[PDB]
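structure for this input, please:
(one chain, ligands or ions: 1)
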Amino acid sequence: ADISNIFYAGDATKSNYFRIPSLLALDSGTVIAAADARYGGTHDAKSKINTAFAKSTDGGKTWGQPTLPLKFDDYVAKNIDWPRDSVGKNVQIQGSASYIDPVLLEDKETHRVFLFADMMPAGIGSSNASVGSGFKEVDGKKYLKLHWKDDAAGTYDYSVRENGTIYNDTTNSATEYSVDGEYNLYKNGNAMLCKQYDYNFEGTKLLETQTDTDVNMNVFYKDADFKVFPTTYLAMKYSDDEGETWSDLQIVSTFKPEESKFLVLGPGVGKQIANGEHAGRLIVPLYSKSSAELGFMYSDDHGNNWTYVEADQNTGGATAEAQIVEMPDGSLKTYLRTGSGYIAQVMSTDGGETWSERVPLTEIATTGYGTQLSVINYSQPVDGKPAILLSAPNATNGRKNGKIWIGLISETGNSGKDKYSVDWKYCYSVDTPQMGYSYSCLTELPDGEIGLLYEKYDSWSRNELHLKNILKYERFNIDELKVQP
Ligand SMILES: CC(=O)N[C@H]1[NH2+]C[C@H](C(=O)O)[C@H](O)[C@@H]1O
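Numbering: from 1, shown residues only. Please find the structure below.
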């Protein structure tokens with residue numbers, strides 16, 4: 001029979017809505033997953049969103065209680081039905097910080113799991129982020145900048161330095177203030193507190209009000225004593241015990257270009273290179289409104305340092321979400337969304353440092369604004385060939401008609417970026433052409449089965465906002481997918 005949720009309204013997240021699936025089988029056989037826990041309807045930031053996470057230790061069949069490894073506490077986490085009328089549907093939480101659009105990655109060499117998300121200061125999301133990195137240089141060293149509450153609004157005369165100590169940069173001296181690994185604020189070693197906000201509707205009016213509950217004050221919150229520059233940040237935590245415990249929060253977007261408005265994640269999974277001289281490199285897809293649209297961050301030292309790469313010179317700031325697969329020789333093929341009405345592919349022969357021009361992919365119909373996709377390597381040959389799988393909608397209007405494709409890789413006899421071709425030989429229909437189908441993430445489960453976590457609705461449509469239980473999990477055998485329609 002069926003019968004298919006990981007995250008759902010009423011689970012331990014206390015969220016009624018979810019979006020932006022991520023699904024990843026670990027080298028051990030454990031399977032994990034993540035998604036946005038979108039409390040305030042299915043809206044993008046600005047809102048209140050935490051990153052949810054869950055684990056399966058029976059091969060991706062039974063899923064435990066979800067956890068929230070990236071969370072903010074300025075607004076309460078609760079189950080609330082967001083109005084779906086013509087006016088209220090548009091209403092968003094105004095004053096909350098958020099984590100949005102997750103990426104999971106495993107370093108198989110060290111058995112470390114990384115979870116990434118975009119990290120949005122209170123009231124911010126991509127569309128209203130300010131231009132700039134949010135970091136300053138003090139004596140040539142990058143530090144997160146901070147604005148003190150009694151300084152002028154545009155003045156950021158403070159910085160977070162070693163051990164979370166907050167410095168006054170006009171005198172170069174340590175203050176009595178610091179932040180811990182959540183970026184919560186301390187004064188002379190004592191937790192700073194503020195009241196939590198609640199949210200409730202009265203008709204179509206959204207009331208954001210302080211409660212009596214004290215939470216930690218945090219530099220990402222709307223009226224904290226010190227506050228960050230209001231732009232998009234990239235956050236990461238790692239786990240050496242498959243998500244039992246997590247590290248302190250790393251803000252890894254030190255490299256955010258000063259000309260950029262936002263620089264954010266391509267949701268899904270990252271990749272570790274298996275073959276060739278960059279074997280072991282970890283790479284994570286990004287996009288921006290900047291000098292470049294498509295970009296990546298990579299680490300040659302198992303996660304300690306990250307280098308930013310621009311993949312193009314597009315200043316359009318389209319939603320160029322990408323996912324990455326590896327060819328047998330270790331070169332990379334990236335498949336990305338664009339704002340141009342096709343999925344595009346770009347190639348790299350130097351482990352992701354440089355990339356070819358976009359090739360429009362014509363097997364798949366998509367919309368003008370586009371939809372995220374998922375692409376993965378498969379570990380067993382298919383029809384005697386190395387294979388990749390792609391999941392995406394397939395429709396010119398609307399997010400619908402989801403397919404899983406299988407691509408078979410051949411050496412063309414040519415050189416470099418032209419060395420392989422892919423034959424999209426198979427195409428499996430997940431439901432039917434009229435049924436909603438948006439974001440998705442594939443994984444290869446330990447039994448060679450394919451797992452899929454996906455949005456079973458049109459998450460772009462202003463008429464399908466704020467639907468519950470649309471995030472759906474299914475498993476397939478490879479034979480089932482080998483369809484030729
Ligand atoms: C960070 C952010 O706002 N990301 C959003 N970008 C638009 C996407 C889409 O469905 O096209 C998602 O809404 C995504 O969360």
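
can you pull the contacts of the nearest residue to residue 31 once chain neighbours are set aside?
Nearest non-adjacent residue to residue 31, counting by Cβ to Cβ, 6 or more residues apart in numbering: residue 60, 3.7 Å away. Using the backbone N, CA and C atoms, a C-beta is placed for each residue, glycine as well. Residue 60 is in contact with 25, 31, 443, 445, 446, 449, 451, 475, counting by Cβ atoms under 8 Å, 6 or more residues apart in numbering.

what does the stretch 51-200 of the chain have sitting close to the ligand?
100, 101, 118, 125, 126 (Cβ under 6 Å from any ligand atom).

which of the residues you listed lies closest to residue 189?
Comparing those against residue 189 with Cβ to Cβ picks out residue 118 as the nearest, at 31.3 Å.

of all the residues of the stretch 51-200 of the chain next to the ligand, which two lie farthest apart?
Counting by Cβ to Cβ, the most remote pair of those is 101 and 125, 10.2 Å apart.

next up, the contacts around the residue lying closest to residue 349 once chain neighbours are set aside.
If the residues on either side of it in the chain are set aside, residue 349 comes closest to residue 331, at 4.8 Å by Cβ to Cβ, 6+ apart. Applying Cβ under 8 Å, 6+ apart to residue 331 gives the contacts 276, 347, 348, 349, 419, 420.

tell me which residue of this structure lies closest to the ligand.
Nearest to the ligand in the chain, going by Cβ to the nearest ligand atom, is residue 44, at a distance of 3.7 Å.

tell me the SS of that residue?
Three-state assignment for residue 44 (DSSP: H, G, I helix; E, B strand; the rest coil): coil.

more neighbours: which of residue 101 and residue 125?
residue 101 (29 against 21; other Cβ atoms under 10 Å).

what parts of the stretch 301-450 of the chain come near the ligand?
So far as Cβ under 6 Å from any ligand atom goes, the stretch 301-450 of the chain lies against the ligand at residue 319.

tell me the contacts of the nearest residue to residue 64 once chain neighbours are set aside?
Distances taken as Cβ to Cβ, 6+ apart put residue 55 closest to residue 64, at 5.3 Å, once the chain neighbours are dropped. Listed by Cβ under 8 Å, 6+ apart, the contact partners of residue 55 are 30, 31, 32, 33, 63, 64, 242, 243.

which strand or helix spans residue 55?
Counting by DSSP states H and E, the element that carries residue 55 is strand 49-56.

the residue located most distally from the centre of the chain sits in which helix or strand?
Going by Cα atoms, centre = their mean, the residue of the chain most distant from its centre is residue 171, 38.4 Å out. Following DSSP H and E, there is no helix or strand that holds residue 171.

what distance do you get for it to residue 139?
13 Å (Cβ to Cβ, to the nearest Å).

swap in residue 221?
Going from residue 221 to residue 139 by Cβ to Cβ gives 29 Å.

looking at these two, which is more packed in?
residue 221 (27 against 7).

now the strands: where do they sit in the stretch 1-150 of the chain?
Counting by DSSP state E, counting those that start in this stretch, one finds strands in the stretch 1-150 of the chain at the ranges 17-25, 31-38, 49-56, 67-70, 98-107, 112-120, 135-138, 141-148.

of those strands, which is nearest residue 81?
Among the strands of the stretch 1-150 of the chain, strand 17-25 sits nearest to residue 81 (Cβ to Cβ), with 9.6 Å.

parallel or antiparallel, which strands does the closest one pair with?
As defined by DSSP bridges, the strand partners of strand 17-25 come to strand 31-38 (antiparallel).

and the angle for the partner strand with strand 49-56?
160 degrees (axes from the mean of the first three to the mean of the last three Cα atoms, to 10 degrees).

just to revisit the earlier point, next step: the contacts of residue 60 restricted to helices.
Judged by DSSP state H, helices contain none of the contacts of residue 60.

just the buried ones from those residues?
Buried members of the contacts of residue 60, counted by 16 or more other Cβ atoms under 10 Å: 25, 31, 443, 445, 446, 449, 451, 475.

show me how this protein divides into domains.
With domains defined by curated CATH domains, the chain comprises 1-133+230-485, 134-229.

out of those, which is the most enclosed?
domain 1-133+230-485 (a mean of 20; mean count of other Cβ atoms under 10 Å).
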